[PDB]
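For reference, the structure discussed in these notes is given below.
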Amino acid sequence: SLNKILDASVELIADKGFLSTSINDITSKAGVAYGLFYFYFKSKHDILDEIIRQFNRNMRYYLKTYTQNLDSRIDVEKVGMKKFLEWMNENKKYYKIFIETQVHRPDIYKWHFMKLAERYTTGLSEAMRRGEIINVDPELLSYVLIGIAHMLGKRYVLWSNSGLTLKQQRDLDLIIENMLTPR
Amino acid sequence: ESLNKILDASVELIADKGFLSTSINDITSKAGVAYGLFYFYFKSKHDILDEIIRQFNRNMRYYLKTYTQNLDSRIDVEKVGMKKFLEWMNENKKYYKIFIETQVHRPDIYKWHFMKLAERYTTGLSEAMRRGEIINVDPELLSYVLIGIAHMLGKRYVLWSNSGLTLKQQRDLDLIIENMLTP
Ligand SMILES: CCCCCCCCCCCC(=O)SCCNC(=O)CCNC(=O)[C@H](O)C(C)(C)COP(=O)(O)OP(=O)(O)OC[C@H]1O[C@@H](n2cnc3c(N)ncnc32)[C@H](O)[C@@H]1OP(=O)(O)O
Ligand SMILES: CCCCCCCCCCCC(=O)SCCNC(=O)CCNC(=O)[C@H](O)C(C)(C)COP(=O)(O)OP(=O)(O)OC[C@H]1O[C@@H](n2cnc3c(N)ncnc32)[C@H](O)[C@@H]1OP(=O)(O)O
């Protein structure tokens, strides 16, 4: 019943936004007793916390699937980035949830990026130690790479459904290699 | 001047209480102007978000140009401008809530802000590419990569903490930029 509440919430919030979606809509669409909502969630905004945790987990597994079978950390970045943009395109209906989280639950919005950065920092520190990538604060470098991904996702996937041309995809690979390769 | 009092009052109130809780009565009282005047300048409350975002865009871009006008090397414009952005973002930090709620309440002006910035950015970058200063790639895509970095770094190092970047991190960021952009 918890899971049904969660799945119903995701579809409704993505559709109508947060403020328009009542607990009633959610429990109605989920097909559970209205009372159970309040047991699992003191306030309506507490639902966002578990939603963003699931998205964070799914996005990371998705990307990990494509990055764990790869050689160069520089390949990891190039492929990882490409795959994030594909992922964002598959999940573009849901981006409204993330926008709403930044308004109504800023702590979980921060959590999402900080959790992603924590995972990313480890991987980049290992490549630094091999001499594979530029030796710099690896948290800082994670935010640089995440910031790039987020903004391209907005411009080329959310605000346009063009995606990137082949020429832009080659330019972006060149940007990333040039940034990361020790001179 | 009435218009300027209304705008200043709105900025302060929206930053403090959010957009939904700020009434036109609050705005015009804080402003010290006749209530009905608001409706002469703005059809709706939402229309004053558009004007606020325009003013912040102009003023951010004026501030940065001020530091970057004096530098011939585009590589230096990018290092310095990034630093100056973090300083501006620190100074205007309490206002960032306005931008967050603009994404929900006026998404066309939120997008406009980034598109306008990239428009100005794109011109400066293709100039540098011509002279062989920087890597020859799609200059709008490059804009969005650099804007993306700037935005995520402001979030992590200015809005989510008030620590800022260390001196070492600042040099690391300089290197990241120089590495990305130099063929
Ligand atoms: C609101 C919408 C809009 C949301 C829109 C959000 C906008 C995001 C903007 C930023 C975009 C990016 O930067 S995306 C990054 C693009 N670049 C890259 O991907 C290149 C770098 N890649 C990497 O370093 C890595 O691929 C990662 C770090 C990103 C993720 O690796 P990771 O996090 O270490 O992966 P890992 O722990 O191994 O496993 C991931 C999660 O999967 C689960 N998991 C583990 N095993 C299994 C299993 N058998 N079945 C199911 N699930 C499993 C775990 O519970 C774990 O979460 P848990 O329970 O352990 O916590
Ligand atoms: C909501 C809260 C938070 C909002 C939070 C916002 C989040 C931002 C996240 C990303 C931030 C970034 O990437 S900041 C990017 C950081 N990087 C850099 O700065 C490096 C590269 N820098 C540059 O290339 C340039 O410095 C710029 C592009 C960023 C800006 O140059 P520009 O856009 O050409 O500036 P320019 O048009 O010449 O002047 C800007 C405005 O000044 C006005 N202006 C005013 N007074 C004067 C005057 N006396 N003389 C001339 N012009 C004047 C003009 O009308 C013009 O507006 P008008 O004619 O257009 O009306």
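The figures that follow rest on heavy atoms only: side chains count, while hydrogens, waters and symmetry mates do not. Remember, it's 1-based here, ligands and their atoms both numbered in the order they're listed. Chain A is the first sequence line, chain B the second, and so forth, proteins listed ahead of strands; every chain is numbered from 1.
- For B/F114 and B/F99, the distance between ring centers is under 6.0 angstrom.
- Between B/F19 and B/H105, the angle of the ring planes lies from 30° to 60°, which puts this pair in the tilted group.
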Could you check ligand 2 for N or O atoms lying under 3.5 Å from protein N or O atoms and list the pairs with distances?
from	atom 1	to	atom 2	distance (Å)
ligand 2	17 (N)	B/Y121	OH	3.4
ligand 2	24 (O)	B/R74	NH2	3.0
ligand 2	26 (O)	B/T68	OG1	2.9
ligand 2	33 (O)	B/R61	NH1	3.2
ligand 2	33 (O)	B/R120	NE	3.4
ligand 2	34 (O)	B/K65	NZ	3.0
ligand 2	34 (O)	B/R120	NE	3.2
ligand 2	34 (O)	B/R120	NH2	2.8
ligand 2	37 (O)	B/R61	NH1	3.2
ligand 2	37 (O)	B/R120	NE	3.3
ligand 2	37 (O)	B/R120	NH2	3.3
ligand 2	38 (O)	B/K65	NZ	2.7
ligand 2	60 (O)	B/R61	NH1	2.5
ligand 2	60 (O)	B/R61	NH2	2.6

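- None of A/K110, A/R105, A/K42 except one satisfies the salt bridge (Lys or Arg N to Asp or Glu O under 4.0 Å) rule with A/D49; the exception is A/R105.
- Geometric assessment of B/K155 against the ring of A/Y143 yields a negative cation-pi assignment under the 6.0 Å and 45° thresholds.
- Between the side chains of B/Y67 and B/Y63, no donor N or O sits under 3.5 Å from an acceptor N or O.
- Residues passing the side chain to side chain donor-acceptor pair (under 3.5 Å) test with A/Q168, sequence neighbours excluded: A/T165, B/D138.
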